[PDB]
């Protein structure tokens, strides 16, 4: 039933007595396992014995913490001006890529498919590529159609390069349109590998025949890699303007992922221009800001553009932002701006003001390899203990570097690093290692729920930092790099500590001797 004055949605409508009776009656038709047995199995999934069997898995993956290559090629493509992402293969992939980013950014996402079906599985998709380029050009009028692939296209052996050459030769795509491409097999690597592969395709299309000269333009290019915080693209440009060092980001989707609601839909907005990409070889250098995934991009910068590819750490935290600015200053010969030194000192003031709530706290964390290395480094620098560190898509070379960093820190003595493991593995580790908090994406909500069901004392609350963020709004506007981003991270971590302590001390007459007004 419903009353006119207070209509209830699904929750809490289904809490009403008539629905509780409905569920009891429906349960008698399911041959449910008894509550006692379901309780016994739940408890057993929280144990060290279950954990050991869980870590024996060699074939089953459960609750992955990674996506597939073409997702990352689509996001890289969205960062160039007047560019339409196009994925050669089957159309279900593009419906899912669009939806995935729609739900994180709360924005429209343009991307087409060429709809290979059973016919193309047998003949190859050259007809789909010709008609696809033709129809997309007509409807959407892109200046650039950036092509990646789905696993069907990869398995059948479609020769991308040849197909696009044929479309050009036969008049399906005009000479005015650039068609960079990359092979992006979802059975290799993850979405971060797709981004890097797509970037190399843009570098070849726009610069391979160019005779460049490093430092002809007194600028620095910056490459972010796969990044889903709009504030990170923006802060980099803002800091470079304060340094007075000309800069281009190469792949910047921050304007097309934040168009105004003013009565007009704008499929294209901002992005790296063709001029920026074409003149990239003349910069002083290109700084690859997520170095573990930007592998082919580093070969572009050194082997194609003959630039230094100065090594930089992900600019997450105080010390990694100091190191980025000293690198920019050294390469450009320009001093670090006094407004940047002032910002740095305000971050240090915040770190000193909030240190007594953060020191010694224990965190689990997961995400992409570059993000997890940067956040683990900043947690050590805060005097926190990153006890459980997981990256499903990281490799053995990364793991060796992480263990080297942790061994060298007093705050890494109890840390364990896991690669090629998933969120069902992370779930056991929250039960057995029980850190104070876990930093993750929206998939971590179910692990917080699971730990709470063992008991209030076993709950590990989630702090949302990563991708995808689907169950809170407008977190994708935030910043996590630079001093600005480190201010967000410090604030987020200390207020997570303080919200949890207030909740724990909020029981009137019982634990509210320590529900302190001032903290």
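Residue numbers count along the first chain shown, from 1.
Between 388-396 and 127-135, the higher mean Cα B-factor belongs to 127-135. Higher average CA B factor: 17-25, of the stretches 17-25 and 507-515. Across the residues 37, 477, 472, 66, the deposited record lists the maximum Cα B factor for 37.
Among 170, 353, 107, 436, the highest C-alpha B-factor recorded in the PDB entry belongs to 170. Compared with the other modelled residues of the chain, the Cα B-factor recorded for residue 214 ranks in the highest third. Per the deposited record, the Cα B-factor of residue 47 falls in the highest third when ranked against the other modelled residues of its chain. Sort the modelled residues of the chain by CA B factor and residue 147 lands in the middle third. When the modelled residues of the chain are ordered by their C-alpha B factor, residue 302 lands in the highest third.
When the CA B factors of the chain's modelled residues are split into thirds, the value for residue 281 lands in the middle one.
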